[PDB]
Amino acid sequence: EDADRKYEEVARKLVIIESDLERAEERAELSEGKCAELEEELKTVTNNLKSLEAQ
Amino acid sequence: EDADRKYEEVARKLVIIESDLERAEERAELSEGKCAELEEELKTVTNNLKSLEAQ
Amino acid sequence: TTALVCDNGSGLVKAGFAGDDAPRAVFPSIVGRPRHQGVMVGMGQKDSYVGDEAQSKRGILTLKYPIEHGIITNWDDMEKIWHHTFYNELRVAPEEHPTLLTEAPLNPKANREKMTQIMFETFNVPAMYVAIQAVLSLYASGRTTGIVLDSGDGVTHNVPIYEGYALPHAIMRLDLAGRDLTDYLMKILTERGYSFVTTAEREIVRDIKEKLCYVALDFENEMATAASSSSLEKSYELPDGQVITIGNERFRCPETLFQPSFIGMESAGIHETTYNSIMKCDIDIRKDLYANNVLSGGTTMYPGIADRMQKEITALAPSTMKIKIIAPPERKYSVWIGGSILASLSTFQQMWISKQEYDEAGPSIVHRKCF
Amino acid sequence: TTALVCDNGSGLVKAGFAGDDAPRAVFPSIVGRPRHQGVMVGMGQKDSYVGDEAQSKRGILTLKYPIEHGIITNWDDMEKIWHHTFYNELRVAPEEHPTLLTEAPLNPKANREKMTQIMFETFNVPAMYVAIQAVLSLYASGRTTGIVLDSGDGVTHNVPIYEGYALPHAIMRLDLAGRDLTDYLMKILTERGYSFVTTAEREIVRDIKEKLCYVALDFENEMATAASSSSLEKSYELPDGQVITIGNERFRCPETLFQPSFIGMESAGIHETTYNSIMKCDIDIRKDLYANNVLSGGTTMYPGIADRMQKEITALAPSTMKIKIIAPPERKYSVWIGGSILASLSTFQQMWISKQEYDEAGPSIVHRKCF
Ligand SMILES: Nc1ncnc2c1ncn2[C@@H]1O[C@H](COP(=O)(O)OP(=O)(O)O)[C@@H](O)[C@H]1O
Ligand SMILES: Nc1ncnc2c1ncn2[C@@H]1O[C@H](COP(=O)(O)OP(=O)(O)O)[C@@H](O)[C@H]1O
């Protein structure tokens, strides 16, 4: 019966940790997408500035 | 034996899922920091580009 | 007609019919002989017990396995095992049934050649074919790519496959398996005071292993836990009473898979062999191989082995790759399931080695393009 | 300061000082207790005799051995044995002498732990250390490479060593030894009408075995010659008379070492476990191991055992290899010789387990690097 109790509690903890990890993974996806776009934009604007300074 | 096997299995799952969560959170904070670096670098490069953009 | 799918391996013969969902007959591949003299006349004692019958008379027999590490060493015993499988467990006549046999990669050539010669001369099967135990696992897993780790009872091997093409130069084979884990557990149980020496107490030790052993996620932390507390100790009930209690030994036994130095081997662990087989392949398929680690066979059945293996191979691989370990609950029978699927396929009916083809070309027809 | 070297073994305690050529105290490890009534008042008799004193009063005592197969099964008796060895045979105060003890490979851990706990709490030695018997045999043999067969009185074992590195995965241990040979000789003497049932008659049978038994070079030809002629018959005079005549059981007794099926064991002979330990080792050292096969211990003292074992191992090994068996005349004491050498080595003085280390770490300090 104590095992029934602790199995229920670990199932609850299991679901909660699943939710935390799932949202953390979505957050990681959004942060990496922003990282990719920002690195690309840095490369492009440094291309523009090197061309302009070459003049 | 039924209850014991069930709870030991779920405890294994708990240890592995909390393991997942720890480094998920860690790498999330690292991605956040790197995103902050991209942000500040973007602001600085745009400032340089606009100041050069006068002529 | 119908085809037979016999998965010998070493330590468990499992056979059945092609098109079924599971093997019909599963029994140990042992052949026992009485080692005492026998006093009661009229008993009509037979001279050799094969199969599951030999497990009931363990007390008075001496058990031998006819297959050491994939390879067959006692051809007479193997002939007895095949005869038992055909006539007493399945109750079919092998004259009207094609037979699909399996073996592990990188075995001697005469093993497979003589297997063919027996299956045609002694048993007079109409056709036959020999398949690789890892390709069949990949069939039964529903993949067409992926690297498969088939840890049986005598041999462990990796076979990377991509889009149905096997890369033979990256195939690894390791002779550490369940039999060596059983011997290591027999050896380390001694440090608690229990001694199992007979070939018939090897079976008791194998049952102990199957029922109580598991893979630790962190070996050093589990070692410290067993040292400090006593929450890990479980008790087992020998065939005559005298309950034994094993603690530390529960995870020191299967840890030999990840540290083959415990039994004096120099090779690398299961995780490291898998990763080396990956890095042996081209660079364009490594991502899919990382994503499709398929485990099969009885030795992959410990609790925690998938989690441990994923943790290790994830620490090995680059941090940007998604590692997955495919561990179905019916792992132990994956080779047989895949063999049944393959033999029931329709395009496969042109791949059998017919009997006239054999009478024409000799046993060399097996390695030949009629593979 | 000097260290003591106590080689217990299972049936003959032999002790002394480190730095001598031989032990100065060799006596049986038996503890006798009177089993009869006791009528003479004022006789003031004791309750338990230990050692050689118990051998003079066999007709009155019941004799126990406190060590069955390497393992100590009676800690009170063993404490008595050690007390006798320290105070009556050697006459030294054990609180001012380090003590080197020995044990066989692959024993329980609690045996060793409880041994050191006794030696520190009860006898209060300043330091102590437990050594493997085969390693000390190899020290005394003057080698640093070889496979050593140490047949004592309770346990037989092989320990292959190369350049001072011991290969633990190839260590074999067998529970067939001199005590089982004595029991088998008692059992087969009844074929001629002699019956020895008492624990005090077990000693008569042991003396018979030591004085008359030998190993046959060819067992079948010796059985045939014993059946035909009568030139093998030898007589022995019991403590009274009725001289007993011993025929082919002169060599049927120690043949149990090469055919353990005689006493209903499943294992293989000592020649075959030696060869199996060899083939268990690597391949680059097997030649040296074949050439340095070292015998020690009392059960290796039969006339003809060296020639027999060479014949067997030579028939087993490849023909291009030269087999050699080293059998000194002081085999029975080789473990003690090696223990004395080792304890006198100046390098060893940093390897003792001091009393403070024990007090701070518990008896677990024994399996630690302080081995
Ligand atoms: N639940 C389990 N846990 C650990 N080991 C197992 C388990 N079930 C079976 N085994 C081991 O797997 C081996 C059998 O593997 P198997 O797939 O039959 O290979 P093969 O067919 O070549 O004998 C046995 O030696 C057994 O010790
Ligand atoms: N000359 C001999 N021939 C045959 N057996 C012997 C001889 N001398 C001693 N033994 C046997 O050796 C045994 C003692 O061996 P020992 O070296 O004392 O081992 P342990 O010290 O472990 O008891 C005795 O049981 C005895 O039967």
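Parameters and conventions
- Residues numbered from 1 in each chain as written, not as in the entry; some residues may be left out.
- Chains lettered and ligands numbered in written order.
- Part of a larger assembly, values for the part shown.
- Heavy atoms only, no water.
- Helix = DSSP H or I, 4+ residues; strand = E, 2+ residues; numbered from the N terminus.
- Rg over C-alpha atoms; globule rule 2.2 N^0.38 Å.
- Areas by Shrake-Rupley, 256 points an atom, 1.4 Å probe, with all protein chains shown as cover.
- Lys, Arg positive; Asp, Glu negative; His and termini not counted.
- Charge placed at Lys NZ, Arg CZ, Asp CG, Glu CD.
- Core = buried A, V, L, I, M, F, W, Y, C linked by side-chain atoms within 4.5 Å.
- Buried < 20%, exposed > 50% of the residue type's maximum accessible area, 1.4 Å probe, protein only.
- Contact = heavy atoms within 4.5 Å.
- Salt bridge = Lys/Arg side-chain N within 4 Å of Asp/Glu carboxyl O.
- Polar contact = N/O pair within 3.5 Å; in protein donor to acceptor, adjacent residues only side chain to side chain.
- Nonpolar A, V, L, I, M, F, W, Y, C, P; charged D, E, K, R; others polar.
- Least-squares fit on C-alpha atoms.
- Near = heavy atom within 4 Å.
- Patch = residues over 30% accessible without salt bridge, like charges linked within 9 Å, V, L, I, M, F, W, Y side chains within 5 Å.
- Arc of directions from axis to C-beta.

Asker: How should I be thinking about the overall build of chain A in this particular structure?
Answerer: When you go through chain A residue by residue, the secondary structure sums to 1 helix and 0 strands. Against the compact-globule benchmark of 10 Å for 55 residues, chain A has a radius of gyration of 24 Å, which places it well outside the compact range. Its C-alpha atoms give chain A principal-axis dimensions of about 80 × 10 × 5 Å. A total accessible area of about 4000 Å² is found for chain A, and carbon and sulfur atoms account for 52% of it. In chain A, the 9 positive side-chain charges and the 17 negative ones have mean positions that sit 5 Å from each other.

Asker: Can you help me understand the nonpolar core in this one?
Answerer: Most often, soluble globular proteins have nonpolar side chains that are buried together. Ranked by size, the top nonpolar core spans 42 residues in total, and within it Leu185(D), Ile208(D), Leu238(D), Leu257(D), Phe258(D), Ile305(D) and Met309(D) carry the most contacts. Discounting chain neighbours no more than four positions away, the residues touching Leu257(D) are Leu176(D), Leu181(D), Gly269(D), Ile270(D), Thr299(D) and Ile305(D). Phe17(C), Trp82(C), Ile118(C) and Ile365(C) belong to the second largest nonpolar core, which has 33 residues in total.

Asker: Would you take a moment to explain unusual backbone geometry for this structure?
Answerer: Both trends apply: most residues other than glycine have a negative phi, and most peptide bonds are in trans. Positive phi, close to 55 degrees, is recorded for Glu163(C), a residue that is not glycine. Secondary-structure assignment places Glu163(C) in the loop between β10 (156-162) and β11 (165-166). On the basis of relative accessibility, which here comes to 46%, the residue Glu163(C) falls in the partly exposed class. Phi angles above zero are rare outside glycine, and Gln242(D) is one such case at about 35 degrees. Tracing the backbone through its elements, the reader meets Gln242(D) in the loop between β13 (234-236) and β14 (244-246).

Asker: For this particular structure, what's the right way to read the environment of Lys6(B)?
Answerer: With respect to the helices and strands, the residue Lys6(B) is situated in helix α1 (residues 2-52). Apart from the residues within four sequence positions on either side, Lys6(B) is in contact with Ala3(A), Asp4(A) and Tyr7(A).

Asker: What's the story with the interface of chain A and chain B in this structure? I'm lost.
Answerer: Quoted interface sizes are often the accessible area lost when the parts come together. Taken residue by residue, the interface counts 19 residues in chain A and 20 residues in chain B. For the pair chain A and chain B, the number of links is 2 salt bridges. Residue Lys6(B) is joined to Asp4(A) by a salt bridge in which the shortest nitrogen-to-oxygen separation is 3.6 Å. Summed over the shared surface of chain A and chain B, the result is 2 residue pairs in polar contact. Looking at the side of chain A that touches chain B residue by residue, the class counts come to 12 nonpolar, 1 polar and 6 charged.

Asker: Would you explain the environment of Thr156(C) in this entry?
Answerer: All names here are of chain C. Position of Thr-156 relative to the elements: it lies in strand β10. Along the backbone, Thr-156 and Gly-51 are 105 residues apart, and their C-alpha atoms lie at a distance of 24 Å. Here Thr-156 is in contact with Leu-149, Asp-150, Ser-151, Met-172, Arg-173, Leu-174, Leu-176, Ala-177 and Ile-270, once residues within four sequence places are set aside. A distance of 3.2 Å separates a polar atom in the side chain of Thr-156 from a polar atom in the side chain of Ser-151.

Asker: Would you mind going over the relation of the copies chain A and chain B with me for this structure?
Answerer: Both copies of the chain are related through a single rotation about an axis accompanied by a shift along the same axis. Between the two copies, chain A and chain B, the superposition gives an RMSD of 0.8 Å; the rotation angle is 174 degrees and the shift along the axis is 1.0 Å. When the rotation and shift are considered jointly, the pair of chain copies conforms to a two-fold rotation axis. When you check the interface residues of chain A against chain B, 79% turn up at the interface there too, and the contact is symmetric in its surfaces.

Asker: I would appreciate a short explanation of the arrangement of the chains in the present structure.
Answerer: Contacts between protein chains span 3 pairs of chains, and they are most numerous for chains A and B. Spatially, chain B and chain D are disjoint, and the shortest separation between their C-alpha atoms is 29 Å.

Asker: Any chance you could explain the site of ligand 1 here in plain terms?
Answerer: Residues and elements named next belong to chain C. Looking at ligand 1, there are 17 residues lining it, with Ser-10, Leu-12, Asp-153, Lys-209 and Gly-298 nearest. Note that an oxygen atom of ligand 1 is positioned 2.5 Å from one of the side-chain N or O atoms of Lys-209. Contact with the protein chains removes 90% of the 580 Å² of surface that ligand 1 exposes when unbound. Ranked by residues supplied to the shell around ligand 1, first place goes to helix α6 (residues 201-212) with 3 residues. Class assignment of the residues belonging to the shell around ligand 1 gives a composition of 3 nonpolar, 8 polar and 6 charged.

Asker: Got a minute to help me understand the site of ligand 2 in this structure?
Answerer: Residues and elements named next belong to chain D. Among the 16 residues in the neighbourhood of ligand 2, the closest are listed as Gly-9, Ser-10, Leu-12, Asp-153 and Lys-209. Here an oxygen atom of ligand 2 sits 3.1 Å away from a polar atom, N or O, in the side chain of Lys-14. Separating an oxygen atom of ligand 2 from a side-chain N or O atom of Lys-209 is a distance of 2.3 Å. Protein contacts shield 89% of the accessible area of ligand 2, which totals 580 Å² for the unbound molecule. No other element matches the 3 residues that helix α6 (residues 199-212) contributes to the shell around ligand 2. Classifying every residue of the shell around ligand 2 gives 3 nonpolar, 7 polar and 6 charged.

Asker: What is the right way to read a nonpolar patch on the surface from this model?
Answerer: On the surface, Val135(C), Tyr139(C), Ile341(C) and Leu345(C) cluster together into a nonpolar patch covering about 270 Å² of accessible area. Mapped onto the elements of the fold, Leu345(C) is located in the loop between α12 (334-344) and β17 (353-354).

Asker: Can you walk me through helix α7 (residues 219-228) of chain D in this structure?
Answerer: An α-helix turns once every 3.6 residues. As a result, residues three or four positions apart point the same way. Residues and elements named next belong to chain D. Among all positions of α7, only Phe-219, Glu-222 and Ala-226 are buried. Summarising the axial view, the buried residues of α7 lie within an arc of 65 degrees, below the 170-degree limit, and thus occupy one face. Facing away from the buried surface of α7 by more than 90 degrees, the exposed residues are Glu-220, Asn-221, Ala-227 and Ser-228. Where α7 is buried, its residues touch α8 (249-252).

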